[PDB]
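Those protein sequences? They're chains C and B, same order as listed. Take the authors' numbering: the last position of the first sequence gets the number 2038, and nothing is skipped along the way. Take the authors' numbering: the last position of the second sequence gets the number 825, and nothing is skipped along the way. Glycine included, C-beta positions come from ideal geometry on N, C-alpha and C. Here the structure is laid out as structure tokens; the discussion comes afterwards.
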Amino acid sequence: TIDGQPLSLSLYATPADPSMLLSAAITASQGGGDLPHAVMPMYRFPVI
Amino acid sequence: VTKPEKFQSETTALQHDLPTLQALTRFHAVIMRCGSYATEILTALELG
């Protein structure tokens, strides 16, 4: 203008949106229990 | 811990250092950003 102020208005850039935070549960896989060696005892079946 | 080659191919011994901590942070951040496929990404990096 006569005073130095601009006629055409300014551009308003869009701000960035807040992102959505993500989490996860990674999982493991260990081996199972393997059977030991069997020993024969001295007692009968109802006692053992 | 077991295969530090999968962390970096030059490391071969996972250190107690600040760059190892920072790279652990970014690794955990990428894996948690993977979301629902995080365990699949981890077990696919377990293999090649």
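- Non-local C-beta neighbours of B:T797 in its own chain, meaning closer than 7 Å and more than five positions away in sequence, comprise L791, ordered along the chain.
- At least 7 Å separates the beta-carbon of C:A2018 from that of B:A815.
- Cβ contact annotation for C:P2005 (same chain, cutoff 7 Å, sequence separation greater than five): none.
- For the segment 789 to 812 of chain B, the residues whose beta carbon sits under 7 Å from a beta carbon of chain C are, in order, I808, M809, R810, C811, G812.
- The beta carbon of B:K783 lies closer than 8 Å to those of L822, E823 in the same chain, with the five residues before and after it left out.
- Less than 7 Å separates the beta-carbon of B:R810 from that of C:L2012.
- The C-beta of B:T816 comes closer than 7 Å to at least one C-beta of chain C.
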